[PDB]
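Undergrad: Sequence plus experimental coordinates follow:
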Number of protein chains: 4
Amino acid sequence: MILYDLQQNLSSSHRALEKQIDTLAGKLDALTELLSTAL
Amino acid sequence: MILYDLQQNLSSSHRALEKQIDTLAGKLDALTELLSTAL
Amino acid sequence: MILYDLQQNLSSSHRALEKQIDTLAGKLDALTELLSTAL
Amino acid sequence: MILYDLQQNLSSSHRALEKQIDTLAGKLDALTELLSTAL
Ligand SMILES: [Cu+2]
């Protein structure tokens, strides 16, 4: 068990979460455009 | 305290967060369908 | 530095993130009700 | 590898995720205002 690897694994997991939330942000931007042009 | 267990616990916590965000994504897809057919 | 404390701190941080995402989920449920009755 | 640094790095990563989710919350508040005045 290399603590350094553990740190790299955790950072990789946090990066994945970040990207997921970012795609959720884009879906909300998408919705807001849908409404902004229709309404 | 087994560092390996600590790593498995952290990975399990990150997996749970991922699934939670995924369900939030599905709720937004749901909303976007609601509006897309009504509007 | 007690690895056990480190684990409890991390779990507490993940719990806080979970609750935050949960409140975001509730805001989306709120929006979906707003639209579902108006539309 | 200083376990303390590892802890500070993890806390910094969790803080970044928190702020990201917070900005997503603000985008949803923004959308809800858009609809609340138009509808
Ligand atoms: Cu984490």
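TA: Arrived safely, thanks for sending. Numbers count the residues shown, from 1 in each chain, chains lettered A, B, ... in the order given.

Undergrad: Pull out the buried positions in the helix or strand hosting residue A:17.
TA: In this assignment (DSSP states H and E), residue A:17 forms part of helix A:3-38. Neighbour-count burial for helix A:3-38, counted by 16 or more other Cβ atoms under 10 Å in any protein chain shown, picks out A:6-7, A:10, A:13-14, A:17, A:20-21, A:24, A:28, A:31-32, A:35. Every C-beta, even on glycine, is put in place using the N, C-alpha and C of the backbone.

Undergrad: Looking at the residues you listed, which is nearest residue D:1?
TA: The shortest gap between residue D:1 and any of those belongs to residue A:7, at 7.6 Å (Cβ to Cβ).

Undergrad: How far off centre is stretch A:15-25?
TA: A distance of 0 Å separates the centroid of the chain from that of stretch A:15-25, by Cα atoms, centre = their mean, to the nearest Å.

Undergrad: contact partners of that stretch?
TA: Stretch A:15-25 is contacted from outside by B:14, B:17-18, B:21-22, B:24-25, B:28, D:16-17, D:20-21, D:23-24, D:27, using Cβ atoms under 8 Å, 6 or more residues apart in numbering or on different chains.

Undergrad: Around chain D, which positions in chain A sit nearby?
TA: Contact residues (Cβ under 8 Å from any Cβ of the partner chain) of chain A with chain D: A:3-4, A:6-7, A:10-11, A:14, A:17-18, A:21-22, A:24-25, A:28-29, A:31-32, A:35-36, A:39.
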